[PDB]
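Note sheet for the following structure.
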Amino acid sequence: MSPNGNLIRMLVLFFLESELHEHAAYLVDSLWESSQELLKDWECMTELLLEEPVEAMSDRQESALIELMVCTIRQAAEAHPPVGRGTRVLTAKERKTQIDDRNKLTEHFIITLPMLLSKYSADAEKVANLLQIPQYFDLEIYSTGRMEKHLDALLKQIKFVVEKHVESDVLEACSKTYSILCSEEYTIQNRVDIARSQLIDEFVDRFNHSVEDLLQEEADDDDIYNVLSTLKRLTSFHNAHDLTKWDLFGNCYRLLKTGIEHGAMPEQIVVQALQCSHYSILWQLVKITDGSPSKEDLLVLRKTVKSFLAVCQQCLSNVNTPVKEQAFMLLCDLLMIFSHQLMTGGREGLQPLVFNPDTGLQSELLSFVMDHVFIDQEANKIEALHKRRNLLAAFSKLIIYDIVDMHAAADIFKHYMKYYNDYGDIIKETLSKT
Ligand SMILES: Cc1occc1C(=O)Nc1ccncc1
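In the working numbering, the protein residues as written are 16 to 449.
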C-alpha cells in the first residue's frame, strides 16, 4: 500500500539519476518478468500523483512516474515487449492474465484519468503523456460499469485541455483521444460525437470572428494571436476528423492570399493555414472517391486544388523558410496524389482531377532543393537533417515517375555528389588502412 509506494518512488529515482536506462519503455520491459506485480499497482501510482504529502514529489519525478505508468499500462494491455525489444504466441494463463489486466486498468483509469487530467491541466508534456491511456481502454466498459458519468468527466477535461493549450503534441493527443472514444463503440459513439462537434463549433466561431478582426485590420498583436491560436486547434483535429462541413478552406485561402498580396502575414499563421487547407482537400478527395460523384462534383474540387497548388507555389517565394518547407512538402504530396496514379483501381472517372506541374513550377521545385536541401551550414541539427532528408525523399518520388524533368534533377545530384565521384575511391582506401 505504502510498501509498494516506496518501491515505486525509488524506481522513479533509479530511472532519472542513472542513465543506465535512457528509455522508460525499455526499463519497464526489462523488469517485467521479475516485477510485474509491482509495475501493475496502478492504484498505488494514481495515489502518489493525486494525493497531498504528510516528502513531496518534485515536478520532474511526477513527469517520470506518469511516463513509466503509461509504459506499464501498454505492456499489460499489449502483453508483449515494446517496439525495439519484440521478437508472439501466449499460453492459456498469459492470455487469461491479459484480459484480467485490461479490465483492471480500464475500470481504474476511466475513474482516475479525468482526475489526473484535472490536476495537471497546464503541464502540456504531462497532459499529452496521460492522453496516451484511453487507446488501451476496453471501451465497452463505459456501458457495463454504468460509468456514463466518468465519460462526461473525461470529455469535460479534454475540453479544458484544448481550451488551455496550443502545442501540437497536446492537441494531436486530444484529436486521437476523440477518434478512439468517438468510433470504438456505438453505445458511447453518440455522446462523444456531440461533445466533439460542440468543441469544434466554438472554435470555428472564434476562428471566423478572429479571421475577420485580422483582415479588416494596422493589425493588433492580439488579432494575430487569436487567428493563430484557434487555427492551430482546428488544423490539429482536421487530420483525423472530417471538418469539411465547416468551410475552413475558404478562410485559410483568404489568410494566404492577404499574406502574398500585402506580404505581411505571420509565418506560423501561413504554415497552419497551408496544412489546414491540405487536410480540407484530402477529406474532399475521400468523399469524392467513395461516393458516385457527378461532373460538377469533380470540377468544383478541381478549381479548389488548382487555386491551392497556385497558393503553395506562390508561398515558395515567402521569406520565412518554414513556409517554403510546408509549401514544398504539400506540393510534393499533392503533385503525387493528383498524378495519373489517381486512375488506378478502376477509378478512371477522376481524369478531370489529374494535374501536371508546368515548367515554371517544376523549375521552382528544382530551385528549393538547391537552396534548402543542399546547404553549406546540437540535437536541433540531427532533427533538421532528417527533414531536408524527407523533403528530398518526397522530391525523389516526383523524379522516379517523371512529374518533374528527371534529367534537370540528375544534373543537381551530379553537381552536389561531385566530390564523391571525383575523390571518393581515394577516401575508400583510408577507411581500410587506419
Ligand atoms: C568521417 C568521414 O566521413 C566520411 C568519410 C570520412 C573519412 O574519410 N574519415 C577518416 C579519414 C581518415 N582517417 C580516418 C577517418
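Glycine included, C-beta positions come from ideal geometry on N, C-alpha and C.
Considering residue i, what are the terminal residues of the alpha helix (DSSP H) in which it resides?
i: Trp57; result: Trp57 to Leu65
i: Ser354; result: Taken as a continuous stretch (DSSP letters only), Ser354 belongs to no alpha helix (DSSP H), as it is neither H nor E.
i: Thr374; result: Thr374 to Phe383
i: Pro18; result: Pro18 to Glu32
i: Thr87; result: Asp74 to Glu93
i: residue 7; result: Given a span of 16 to 449 for the chain in the structure shown, any question on residue 7 remains unanswerable.
i: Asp184; result: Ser183 to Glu199
i: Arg317; result: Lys310 to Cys330
i: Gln51; result: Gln51 to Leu54
i: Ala39; result: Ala39 to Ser45
If we count the other Cβ atoms within 10 Å of its Cβ and call it buried at 16 or more, is residue i buried or exposed?
i: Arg211; result: buried
i: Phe428; result: exposed
i: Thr245; result: buried
i: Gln392; result: exposed
i: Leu65; result: exposed
i: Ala40; result: buried
i: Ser198; result: exposed
i: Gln172; result: buried
i: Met421; result: exposed
i: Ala188; result: buried
i: residue 7; result: Nothing in the structure corresponds to residue 7, since the chain is present only between 16 and 449.
i: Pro149; result: buried
i: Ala424; result: buried
i: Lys55; result: buried
i: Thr106; result: exposed
i: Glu82; result: buried
i: residue 9; result: One cannot answer for residue 9 here, as it falls past the ends of the chain, which runs 16 to 449.
i: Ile23; result: buried
i: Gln290; result: buried
i: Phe389; result: exposed
Can you grab the Cα-Cα spacing for the pair residue i / residue j, in whole Å?
i: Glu140; j: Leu128; result: 15 Å
i: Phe343; j: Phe383; result: 8 Å
i: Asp348; j: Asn371; result: 13 Å
i: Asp44; j: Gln90; result: 7 Å
i: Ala143; j: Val185; result: 5 Å
i: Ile352; j: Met72; result: 51 Å
i: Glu70; j: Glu62; result: 14 Å
i: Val177; j: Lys310; result: 40 Å
i: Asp440; j: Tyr434; result: 10 Å
i: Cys59; j: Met16; result: 7 Å
i: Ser378; j: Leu350; result: 14 Å
i: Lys179; j: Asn223; result: 19 Å
i: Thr192; j: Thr374; result: 44 Å
i: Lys321; j: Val286; result: 18 Å
i: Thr202; j: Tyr157; result: 8 Å
i: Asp426; j: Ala409; result: 18 Å
i: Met130; j: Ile114; result: 25 Å
i: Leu324; j: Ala94; result: 46 Å
i: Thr112; j: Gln51; result: 11 Å
i: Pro281; j: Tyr294; result: 20 Å
i: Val369; j: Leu263; result: 23 Å
i: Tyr135; j: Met84; result: 15 Å
i: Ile195; j: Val104; result: 27 Å
i: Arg206; j: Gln213; result: 11 Å
i: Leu270; j: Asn241; result: 13 Å
i: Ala234; j: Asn254; result: 30 Å
i: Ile303; j: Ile418; result: 24 Å
i: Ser49; j: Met162; result: 34 Å
So within the stretch 272-301, which uninterrupted alpha helix (DSSP H) runs reach at least 4 residues, ignoring any that extend past its ends? Taken in chain order, no unbroken stretch of alpha helix (DSSP H) lies wholly in the stretch 272-301 with a span of 4 residues or more.
Length-filtered (4 minimum) alpha helix (DSSP H) runs lying within the stretch 100-177: Complete alpha helix (DSSP H) runs here, min 4: 107-134, 139-145 and 156-159.
Please specify which runs of the alpha helix (DSSP H), each continuous and at least 4 residues long, are wholly inside the stretch 213-277, giving them in chain order. Entirely contained in the stretch 213-277, the alpha helix (DSSP H) runs reaching 4 residues are, in chain order, 236-253 and 263-276.
As an exercise, report each continuous alpha helix (DSSP H) stretch of at least 4 residues that is fully enclosed by the stretch 397-442, in chain order. Scanning the stretch 397-442 from its first residue to its last, the whole alpha helix (DSSP H) runs of 4-plus residues come out as 421-431.
So which residues touch the region around ligand 2, with touch meaning a C-beta under 7 Å from any heavy atom? Absence of ligand 2 is noted for the structure shown, with ligand 1 being the only ligands found.
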